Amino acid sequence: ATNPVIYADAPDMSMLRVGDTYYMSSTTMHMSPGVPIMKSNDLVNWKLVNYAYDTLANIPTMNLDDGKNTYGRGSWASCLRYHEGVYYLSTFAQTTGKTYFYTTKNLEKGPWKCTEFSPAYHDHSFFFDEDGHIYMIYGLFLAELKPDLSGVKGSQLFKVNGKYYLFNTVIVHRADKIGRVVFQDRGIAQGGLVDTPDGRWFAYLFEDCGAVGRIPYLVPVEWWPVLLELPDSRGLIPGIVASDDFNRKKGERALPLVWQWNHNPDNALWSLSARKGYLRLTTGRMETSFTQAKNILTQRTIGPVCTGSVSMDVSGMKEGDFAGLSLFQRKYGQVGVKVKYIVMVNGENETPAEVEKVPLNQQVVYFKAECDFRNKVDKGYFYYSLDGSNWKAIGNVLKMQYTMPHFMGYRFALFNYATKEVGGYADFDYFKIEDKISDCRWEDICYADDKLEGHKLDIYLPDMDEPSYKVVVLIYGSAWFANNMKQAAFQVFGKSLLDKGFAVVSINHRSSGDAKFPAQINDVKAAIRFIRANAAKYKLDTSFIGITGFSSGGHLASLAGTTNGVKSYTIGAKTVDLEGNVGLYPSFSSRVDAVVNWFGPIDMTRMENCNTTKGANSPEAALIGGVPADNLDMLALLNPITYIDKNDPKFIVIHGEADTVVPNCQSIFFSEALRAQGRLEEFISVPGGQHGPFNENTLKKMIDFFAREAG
């Protein structure tokens, strides 16, 4: 029984009481239907009962025609009143520069008598006075409305106890006929007064809580007003957001009130009688933009965490169509079946970005979208699935940002649109929403105390519920040039390790552009230090931490392997701090228990023709910030062979016979040095070859090895 009383995007509240009931209008801007009315009995448990209108206007901006929109605009702050048996609801819109008035004797069922006129009065608060005139404030200005509401002859006005209090930081204006600071706390502003039958006062207001949107707040009021002891809440399901099996009894609302379209729907192109138990979105138009697509169906996202889901059927789809689930704003995130490949897109940046792509060989497919708003971390994880339960992660994390436009919370979104060919369809069996979260995925976690992307890692647990998981780290091949390719490492190893029962931790390291060696190994050891220190939190059994990587990721994993317990080292004139002071957990161990090295470079003194150094242009020259031939000491210091001993971990080195960037010989140099001191478990020489083209058998041996050393 706490605040926020609604952890969801319900901005520009206009609230009132009528007996034992509470009512509240709201802003959804460019959604259809518009101006949602919500009912409550306790000020705590809310539910949608009605909307003021279906569509606002039949104009290109509102209809998403001719590449035009009205995102952020549409129906804005409304005014809700009850006077002598009739409910009175007003809003305005810059989308048509008009003010609209709606009246009914039953706020839940209707019907509405409607009127409209120009201009739009900005955040107007109309009021019935006991002098018998209908006033209206806005901006601030005062004026008198006509009787039949066909024209005129965050302001919210309330007369209490024969004094006029206008709400607008919150700033109340008192007056006897028709100025202080009353609240200044986390910018929780805009609203008015509401009383309880027993005479307790509250101020209904909202905060900007980031991605989730703009969330209602109730504050107790004492008497001037001076800004929870209310019944127990039962969340926002099914009041504000609900699941839908898309099954309808005789004469039932076709779409629960929880549903609102993006802009004016094309009501020709969706149906619930096409396939009984299924929603069928059909295409009408070829699009160049996701946000110019019609018949995107939506509910709100909810805090503090949430998860949406769907089941689809792709048989109907045509060449170039794209239908799935979205976390939807300007900076959106998709996951769906494009034509068939399962695909994620990340539209954070201007151009959309297809991240990962799996082929589909079924027609029934599932999707899931998670949201972590907890302390405004504001991240969206997408998954797919071919099955009821077995959820396969896909693509990067969506770093949600509350942008303007669309000036709205992130919504779940069912979509299906064409790029090449119209007529195709996509069935949806159900939509499912829950206030739970898996917490089997944390991406873009900082393992040092900085914002640098070089110091970011992604955690992944197996979804098989177990108190703790043994860890395996992934480093990426970049020739030490990338600080941002931990996502690529996951797509290669991730799934296979996860099925065996391993927690996976792909990490980033600072590029050779950012810093020079030993920055790269300093980072690896810091990521590991972080894992142990935060182990309890992410259910990580750090009795075992494996580590692996391809090319430079193999190099760094190997160098990590041989330097267990090594603080520094000195060859010739050159010393090199091998552990570092990157994070804030130097207390903890940077050890690893098992290494697998995929065709990593090792000895750059024999990198060229298995003999000599390379030029000042080669990746190793960039890594040390110096010309290899003349920095022969430093090349040995970053060589893992240097640090091999009997009590180092077991290794598995793997390398193709036709690898044209890192030769054969590098791995063999390493495996011989190891095996001599009993460290090499297995050297694997793939006849195929090539720097990556990594197969069923080689992959399976990685798993079986990590499993043997872990148990």
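The first residue of the sequence shown is number 1, and the count goes up from there.
The modelled chain breaks after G139 and resumes at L140, leaving 1 to 3 residues of the deposited sequence without coordinates.
Missing deposited residues between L227 and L228: 4 to 9, all without coordinates in the entry. Stretches 179 to 187 and 112 to 120 differ in mean CA B factor, with 179 to 187 having the higher one.
Judged by mean Cα B factor in the deposited record, 159 to 167 ranks above the other of 159 to 167 and 79 to 87. In the PDB entry, the Cα temperature factor peaks, among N106, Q362, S558, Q299, at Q362. Per-chain ranking of the deposited C-alpha B factor places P352 in the highest third.
Ranked within its chain, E681 lands in the lowest third, by CA B factor from the PDB record. In the PDB entry, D645 places in the lowest third of its chain by CA B-factor. Among all modelled residues in this chain, the alpha-carbon of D54 has a temperature factor (C-alpha) in the lowest third. When the CA B factors of the chain's modelled residues are split into thirds, the value for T403 lands in the highest one.
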